[PDB]
Amino acid sequence: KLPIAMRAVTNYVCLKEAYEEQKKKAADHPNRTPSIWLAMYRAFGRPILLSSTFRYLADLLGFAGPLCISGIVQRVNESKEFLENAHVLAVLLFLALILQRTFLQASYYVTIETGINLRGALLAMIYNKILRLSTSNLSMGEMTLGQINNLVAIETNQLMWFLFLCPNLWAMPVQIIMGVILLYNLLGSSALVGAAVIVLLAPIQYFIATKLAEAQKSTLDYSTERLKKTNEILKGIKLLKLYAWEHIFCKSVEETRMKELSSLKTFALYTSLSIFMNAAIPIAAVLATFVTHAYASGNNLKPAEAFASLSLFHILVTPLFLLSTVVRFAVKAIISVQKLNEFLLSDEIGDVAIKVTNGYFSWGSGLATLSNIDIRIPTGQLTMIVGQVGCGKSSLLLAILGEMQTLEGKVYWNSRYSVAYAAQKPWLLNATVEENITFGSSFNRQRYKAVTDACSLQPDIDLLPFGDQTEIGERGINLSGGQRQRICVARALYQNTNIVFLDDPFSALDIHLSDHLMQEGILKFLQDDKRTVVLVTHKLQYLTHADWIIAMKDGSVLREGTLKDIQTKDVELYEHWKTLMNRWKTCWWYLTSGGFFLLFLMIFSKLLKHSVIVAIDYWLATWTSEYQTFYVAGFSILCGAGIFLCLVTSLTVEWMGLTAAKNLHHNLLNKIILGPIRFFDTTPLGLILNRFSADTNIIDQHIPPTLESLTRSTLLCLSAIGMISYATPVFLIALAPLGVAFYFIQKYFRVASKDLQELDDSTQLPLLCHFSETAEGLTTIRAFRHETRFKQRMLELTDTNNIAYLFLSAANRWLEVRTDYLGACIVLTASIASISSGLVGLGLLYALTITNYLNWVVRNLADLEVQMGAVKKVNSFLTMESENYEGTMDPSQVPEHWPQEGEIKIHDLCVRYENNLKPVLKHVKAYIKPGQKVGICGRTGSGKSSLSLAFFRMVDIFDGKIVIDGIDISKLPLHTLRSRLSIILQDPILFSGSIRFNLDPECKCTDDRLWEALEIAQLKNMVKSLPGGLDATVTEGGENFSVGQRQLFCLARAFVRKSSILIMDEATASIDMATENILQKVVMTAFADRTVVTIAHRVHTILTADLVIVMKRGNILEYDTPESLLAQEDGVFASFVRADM
Ligand SMILES: CC(C)CCC[C@@H](C)[C@H]1CC[C@H]2[C@@H]3CC=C4C[C@@H](OC(=O)CCC(=O)O)CC[C@]4(C)[C@H]3CC[C@]12C
Ligand SMILES: Nc1ncnc2c1ncn2[C@@H]1O[C@H](COP(=O)(O)OP(=O)(O)OP(=O)(O)O)[C@@H](O)[C@H]1O
Ligand SMILES: Nc1ncnc2c1ncn2[C@@H]1O[C@H](COP(=O)(O)OP(=O)(O)O)[C@@H](O)[C@H]1O
Ligand SMILES: CCC(C)(C)/N=C(\NC#N)Nc1cccnc1
Ligand SMILES: [Mg+2]
Ligand SMILES: [Mg+2]
């Protein structure tokens, strides 16, 4: 598989020991942070020392070119002592070249092996850090899951790509110094002047780098913001699309994109300047050197010296060809390692089964969210935690699990025992249903059936494509909220631990499923195993089953004891409970995105630049053929023209890159955000978000450099071939066999490359997903205490990915070695042809360039093929389906206040989510009067939510009309329909930013109206107490607030719009009973004029409703007042009321 030295385990151990030594040295002195660079050096330097040795040998051998060329020129111009003989020199040059290329490829091999080792070690390090990072980092707003994914995907890769090029950072200096020294032997003091010019690259390239670094950091800043926004949109599209806010958010994404593009433009401008310097300073150096030689030594050079010096200048130019790339990648790698070091230095986690005494706990800020927590959880008994929204229940569970800072007190666990945690926000992995349920336990079919039937999952799984083997979670079929919650509860029930922490498992479930779960699963299955159970529920009806009750109010514990103990001690609390219960083409597209002016300017300017630059060489050769003011002036104007042409050629490629990046991302975002909701239902969020996160990165920062290097190298190679052939025609024959060879090697590489490339991706998507599904659901992993299994899985995945990438690099090395030997053959053939008249001097001169730049032509062509494959995905998404926002209704017919009265009439409505599916709604017909209060109820899977989403045309209608206040909704534009009606979905979708931003993204609401909304939604006091008020922050996903508070914010978001018709879809699922009562009464007293249709989670709420509807499998069974339905003996509605009560 993978050699032991290349396993991620050994590399990780080495790097970790180096980093721990660094941490010791950092602890020694104040303000000295541990550094990743020194740890990486300690761990992996000796390999790089060997690679640098090989590179120095390669450069020493490379200097043999000038000497042999000069000898051949001298001997063409005019035993065993025949080493001057031209043909012997040619063969010796061939041997020197092949030896050089062998050493160079050896250095490349060593460095790629080391870089893969280190990517493995760094991914293991940051993964263990994930398994140790405190969730308060992600909940208080320090960092995001997206930032961690960015680390893993982009920043580690950038560090690796830099470490592929690291030897150059000291090999290129040496080679450029040596060169100058050798020039000093041929040209005398003249070389010094040229040397000085060359040395100016050292100051310059520092300055530029500085700028680049800043410009990069800013980009990485704005990018991270942009992506954040993007992700939220893709995760909350439904809400946005239901509120008509799609474009308000698209505009903010585009603003951040404009900032990122400006930073990218600064980076591109300075990259262009670095290219211009690296190209022109050589021309300036040659100009200075040869003018000084012409006017200092009265004699012109003999041809031998002339071609020797010109060859030495070529050898100088070769490093400067790649200097720009190495500085670019070193800057980006410095930024990436800064981010990695910031991450790796962050905050981390710190009878009676559990006893918390004198506990004061806080969520990081240093202010106590819990206080005077004196609790005990009896062993093998049902503990139930009760309290209104935001009262420290989930906080209590996560405090016992040591997930939050402990200010005072202690938790005793009669080290922690494993405990089955069913998080309130269900976390599902990217494996099958069976893998999610078993979750690392040996499959027992009897126990599996017990769990599955206790959670009623069997009816739902048998529907799925393959019941127990269908892939779930992101990157799989998306289950409903209730199904995911019941799968998570099944996982909690299946693991063979002795403590089960079930956090509100009945939020998404209906009455029947919840009652079945309670009775069978929790009152029979869990008690047969004699397991301790701690339930966090608002269902007061189940308090009779509880053995121990922990009431919580405002962070502290109100009272603790059995029901009788509470009744005798806290009479008021028991009475309160009682009252509450009531007892390719893509490459062409990328090139042409500039409009045919940038493209043709690029091609013509490049051709003209190389024309001038070869004319300079021909001029030097012919000028030294003499051994004059005419020659000097011609040379000077030629050099000036070359410098200006370099300046022009530098900017065109970068400008093309900027233009194409902007256009591609703009089209992608807009077309995505206009897609129908079905597209998001079917497609994983991961694919769409990958487009932006990774492919936009490729399109912005990785295609332009590849393209410019490819164009320069290919023009150099074609020019050298043409020059050689013009000098020696016969070379053309040699070109045909060689040509064939080239073709074939290319061919073979491709058929393998593709395959290997695919493998790489296929092996990396799992790894990334792993890092994603541990960062999410970290608390569940660490509550089951399964960190070891997940670390082992990460090591396995990273080793597989390393194998794939190593084989890919091996194929690349195969192609590079073959093409280098082919270039050496080109050199030898052209050399023999030239030896057997000014033409042939420059012809033989360019043969070395042929090898040097043919390698790069091939490599960059491969890189560009991969990156154009990236571009293809955006261009593919451009073919999506688009929702019909136009609408047939004339805008004149729509009154200024369309839902003026609020009457609705549904006639023969039939709905199916996608073509060729079952009709979820079947001929429903109902007329809600203006100012009517309608309550819709029923089991899960009865089409209540479909009837809700019908009004907003988010479900495709086969037949029927929805005539809202005298206009068929089918005709109106989508935006008018979806802006003048307000829906309160069940799952809260809360964006990042201030409270104000979530309550009105447009900024078009008075502060007074926001306070009104928050007062109806029962969040006035909490927002008042928050530090910033209405400017207080909401971290991504609303994690800093409880679930009930997230739902209440989602209710406030609907109370501000103040439209005439409200559709409340199971809004009080997560809210407790007392908050729910007061909220319903206040909402009814406030919206008494409007028409509100409430899909009810508890039928009690809809007992005081003007009209009631009970849906069963897409049909309205009963349509009448709640009094009439209650009067019926054995009616469905009557049955619902008895069970809930
Ligand atoms: C000109 C000949 C003799 C050698 C050609 C390369 C060298 C000039 C060396 C010496 C100085 C080096 C540069 C000086 C230091 C930097 C900055 C470094 O980035 C940073 O220092 C962080 C940015 C910051 O300091 O705020 C990236 C590498 C780079 C460009 C180095 C790249 C390699 C350089 C150009
Ligand atoms: N992840 C978090 N990070 C920081 N503060 C939090 C976090 N979760 C909750 N809080 C704060 O803790 C306080 C108590 O909320 P808690 O998490 O205990 O909710 P809960 O009572 O379990 O929720 P509910 O019963 O509505 O589902 C709230 O004021 C909230 O501001
Ligand atoms: N996103 C979806 N795509 C296709 N079909 C769906 C989707 N959601 C639900 N359904 C189907 O529609 C029916 C009713 O679902 P739903 O409207 O969610 O019921 P509820 O009223 O309980 O929310 C179910 O039988 C289910 O198969
Ligand atoms: C040394 C600078 C001058 C302009 C005198 N000569 C160059 N400059 C470049 N580039 N010659 C050359 C040609 C082709 C491939 N490599 C090098
Ligand atoms: Mg909770
Ligand atoms: Mg529903």
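Rules behind the numbers
Residues numbered from 1 in each chain as written, not as in the entry; some residues may be left out. Chains lettered and ligands numbered in written order. Heavy atoms only, no water. Residues with missing side-chain atoms left out of burial classes, pairs and counts. Axes fitted to C-alpha atoms, helices over the stretch in contact; angles between N-to-C directions. Helix = DSSP H or I, 4+ residues; strand = E, 2+ residues; numbered from the N terminus. Parallel < 35°, antiparallel > 145°, perpendicular 65-115°, else oblique. Left-handed = near helix turned anticlockwise from the far one by under 90°. Contact = heavy atoms within 4.5 Å. Nonpolar A, V, L, I, M, F, W, Y, C, P; charged D, E, K, R; others polar. Salt bridge = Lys/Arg side-chain N within 4 Å of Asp/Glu carboxyl O. Buried < 20%, exposed > 50% of the residue type's maximum accessible area, 1.4 Å probe, protein only. Near = heavy atom within 4 Å. Polar contact = N/O pair within 3.5 Å; in protein donor to acceptor, adjacent residues only side chain to side chain. Core = buried A, V, L, I, M, F, W, Y, C linked by side-chain atoms within 4.5 Å. Domains from an automatic or database assignment. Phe/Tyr/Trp six-rings, centres within 6.5 Å; stacked < 30°, edge-to-face > 60°. Pairing = 2+ DSSP bridges.

As recorded in the PDB header, cryo-EM is the method behind this entry, and the stated resolution is 3.3 Å.

Draft legend 1. Structural context of the packing of helix α6 (residues 145–165) against helix α11 (residues 303–344). Where α6 contacts α11, the axes come no closer than 8 Å and their chain directions differ by 140°. Viewed along their axes, α6 and α11 adopt a mutual orientation that is oblique. Seen from above, α6 lies across α11 with left-handed handedness. Here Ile148, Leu151, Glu155, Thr156, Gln158, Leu159, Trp161, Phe162 and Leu165 of α6 come into contact with α11, specifically with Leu322, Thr325, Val326, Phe329, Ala330, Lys332, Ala333, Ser336, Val337, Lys339, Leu340 and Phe343. For the contact of α6 with α11, a count of residues per class yields 14 nonpolar, four polar and three charged.

Draft legend 2. View of the pattern of salt bridges. Taken as a whole and judged by the stated rule, the model has 31 salt bridges. With a closest N to O distance of 2.9 Å, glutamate 348 and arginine 132 form a salt bridge. Of the two residues, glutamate 348 sits in the loop between α11 and β1 (352–362) while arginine 132 sits in helix α4 (residues 86–132), which places them 216 residues apart along the sequence. With a relative accessible area of 29%, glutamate 348 lands in the partly exposed category. Classification of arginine 132 by relative accessible area gives partly exposed; the value is 36%. Salt-bridge contacts for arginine 1098 lead to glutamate 1076; the nearest nitrogen and oxygen are separated by 2.5 Å. Taken together, the positions of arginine 1098 in the loop between β19 (1091–1095) and β20 (1107–1111) and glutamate 1076 in helix α36 (residues 1073–1086) put the pair 22 residues apart, joining distant regions of the chain. For the pair shown, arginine 1098 and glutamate 1076 are each scored as buried. If you follow the salt bridges from partner to partner, you end up with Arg226, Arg257, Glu260 and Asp700 in one network.

Draft legend 3. Broad picture of the site of ligand 2. In the vicinity of ligand 2 lie 15 residues, with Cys391, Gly392, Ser394, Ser395 and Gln424 positioned nearest. Within the backbone of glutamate 1039, an N or O atom sits 3.2 Å from a nitrogen atom of ligand 2. Element by element, the count of residues in the shell around ligand 2 is highest for helix α12 (residues 393–400), at three residues. For the shell around ligand 2, the residue count by class is three nonpolar, ten polar and two charged.

Draft legend 4. Representation of the nonpolar core in the model. In terms of nonpolar packing, the biggest core is built from 212 residues, with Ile672, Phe951, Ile964, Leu1014 and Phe1055 touching the most fellow members. Here the element with the most residues in this core is helix α29 (residues 838–877); it accounts for 18 residues. Counting residues domain by domain, this core receives three or more from each of domain 1 (4–346 + 597–877) and domain 3 (931–942 + 981–1140). In this structure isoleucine 672 touches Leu234, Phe679, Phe680, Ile688, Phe692, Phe877 and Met880, once residues within four positions along its chain are discounted. One finds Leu340, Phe771, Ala775 and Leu795 within the second-largest nonpolar core, a separate group that totals 96 residues.

Draft legend 5. Molecular detail of the packing of aromatic side chains. Taken as a whole and assessed by the stated rule, the structure comprises 28 aromatic pairs. Aromatic side chains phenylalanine 207 and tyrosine 270 sit 6.2 Å apart centroid to centroid with 70° between the ring planes, which places their arrangement in the edge-to-face category. Taken together, the residues span a long stretch of sequence, with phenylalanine 207 in helix α9 (residues 201–243) and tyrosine 270 in helix α10 (residues 246–296) at a distance of 63 residues. Since its relative accessible area comes to 42%, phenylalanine 207 is described here as partly exposed. A residue is classified by how much of its surface remains accessible, and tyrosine 270, at 17% relative accessible area, is buried. Each ring, one from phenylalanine 290 and one from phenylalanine 313, has its centre 6.1 Å from the other, and the planes form 45°; the classification is tilted. Placement of the pair is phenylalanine 290 in helix α10 and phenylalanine 313 in helix α11, with a sequence separation of 23 residues.

Draft legend 6. How the structure looks around the sheet that holds strand β12 (residues 933–938). A sheet is described by the order of its strands in space; here six strands give the open sequence β15-β18-β19-β12-β20-β21, paired in mixed fashion. The strands lining the two open edges of the sheet, one partner per strand, are β15 (981–984) and β21 (1116–1120). Direction aside, neighbouring strands of the sheet carry axes that sit 15° apart on average. In this structure, strand β18 (residues 1061–1065) lies alongside β19, joined through five bridges in parallel fashion. The partner of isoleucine 1063 across the bridge, within β19, is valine 1093. Strands in contact with helix α35 (residues 1043–1057) are β15 and β18; relative to β15, the strand with the most contacts, it is inclined by about 170°.

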